[PDB]
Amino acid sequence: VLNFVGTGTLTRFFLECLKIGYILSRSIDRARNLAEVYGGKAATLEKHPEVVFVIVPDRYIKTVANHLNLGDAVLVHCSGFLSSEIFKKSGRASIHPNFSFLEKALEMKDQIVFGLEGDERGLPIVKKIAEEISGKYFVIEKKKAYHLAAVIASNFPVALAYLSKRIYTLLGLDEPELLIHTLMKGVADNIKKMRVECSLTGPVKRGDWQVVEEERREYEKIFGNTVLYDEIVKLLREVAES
């Protein structure tokens, strides 16, 4: 009897899949709104439930839980940085969906891998839930590193797309999104088809150090320094030299 305590895409993802007890949000308006598309109820000043998904910001997850504290259920959350051991109680689990949530694009779930960890009653639950949406998952103490990897893989890339957007913007291209995507999408796919070490191309890849150097000045001129740039090049060589 899946209970979700967050009103905002992700529970929407799970709802749409595992289509249910209650759906809570700090304002029934949104709670209702959702439980009227998949079916359930409402209120963060709700009834007594008993599995519960606390899909709210990390820094809250713990608190929000130790505040509803009712009816024998199985505590779970989607944070890949924190364990279930935060709840500090019976049947605790953690199901992390390595993906970024456009709720439409996440409808290609069968590709999503899950980071699972729990206890007696908990683990098997998220394993089944995990199994019910995609093919498999992974079990994690290494929570930190495992999650860091998801951030420097689905978060950090925006910092590049952003950087590229700024300079294109300044260059007159009014709507660069379409261009930036084409390139970034390519790299993504190419990162697959070719494992990382064989996926590289560009200036550094082939020498052309006069291009890397001249673009360092061009990087500095557009922004205020060359730190990130020098960092990515030092990285790229590490890649390139494989």
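Each residue number is its position in the shown sequence, starting from 1.
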| property | result |
| --- | --- |
| Extent of unmodelled deposited sequence, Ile20 relative to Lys19 | 4 to 9 |
| Extent of unmodelled deposited sequence, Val51 relative to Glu50 | 1 to 3 |
| Stretch exceeding the other in mean C-alpha B-factor - 219 to 227, 9 to 17 | 9 to 17 |
| Higher-scoring stretch by recorded Cα B factor average, 177 to 185 or 53 to 61 | 53 to 61 |
| Highest recorded Cα temperature factor - choice among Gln210, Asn190, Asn66, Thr201 | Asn66 |
| Relative C-alpha B-factor of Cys78, binned into the chain's lowest, middle or highest third | middle |
| Cα B factor band for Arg166 (lowest, middle or highest third within the chain) | lowest |
| Position of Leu236 among the chain's modelled residues by C-alpha B-factor, lowest, middle or highest third | lowest |
| Entry-reported Cα temperature factor of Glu214, expressed as the chain third it lands in | lowest |
| Cα B factor band for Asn98 (lowest, middle or highest third within the chain) | lowest |
